[PDB]
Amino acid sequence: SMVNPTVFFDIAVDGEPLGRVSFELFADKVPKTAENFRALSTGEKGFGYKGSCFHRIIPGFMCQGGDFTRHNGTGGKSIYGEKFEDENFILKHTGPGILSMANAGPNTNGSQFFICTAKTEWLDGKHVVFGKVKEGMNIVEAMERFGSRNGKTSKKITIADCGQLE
């Protein structure tokens, strides 16, 4: 893209490299939300995703991660403060690869996010979609296999490194 940043996660399984997932962040349409994810991926504010876990992986639905503050699925923070408002709902959860913000209700975006592995249209209008997997969807599908019906993972899936490309 000439406008949208690309970031990457190097995924690890109990510390062992699984592969790289890159994401196009739709700064053109969702700039504040894309910028938060970009900055948390580079760590340039002094905190961010590096080392954090995909704590909830449910096959057929999504891989969720991004809690780098409590490290237990309850935490997270944005570059704007603990929470920021829902920026817009222009984009929808149209299929595998969509990157969207996790939340605890209206205007509670922090750092937690999820990657869809299917269309999740019931989340439209409630979770802000702001990016999509560019390369490495095969790696996301590999992560999905470590999940379970209640999301608990059978091995620890982490972001061993992350940053901005291009």
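Start at 1 with the first residue shown and count on from there.
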Going by the average Cα B-factor in the PDB entry, point out whether 117 to 125 or 100 to 108 comes out higher.
117 to 125
Should the higher mean CA B-factor in the entry be assigned to 149 to 157 or to 20 to 28?
149 to 157
Looking at 136, 65, 51, 131, which has the highest CA B-factor as recorded?
136
Consider only the C-alpha atoms of the modelled residues in this chain, order them by B-factor as the entry records it, and name the third containing residue 78: lowest, middle or highest.
lowest
If you rank every modelled residue in this chain by C-alpha B factor, which third holds residue 70: lowest, middle or highest?
middle
Against its chain's modelled residues, does residue 47's Cα B factor rank lowest, middle or highest third?
highest
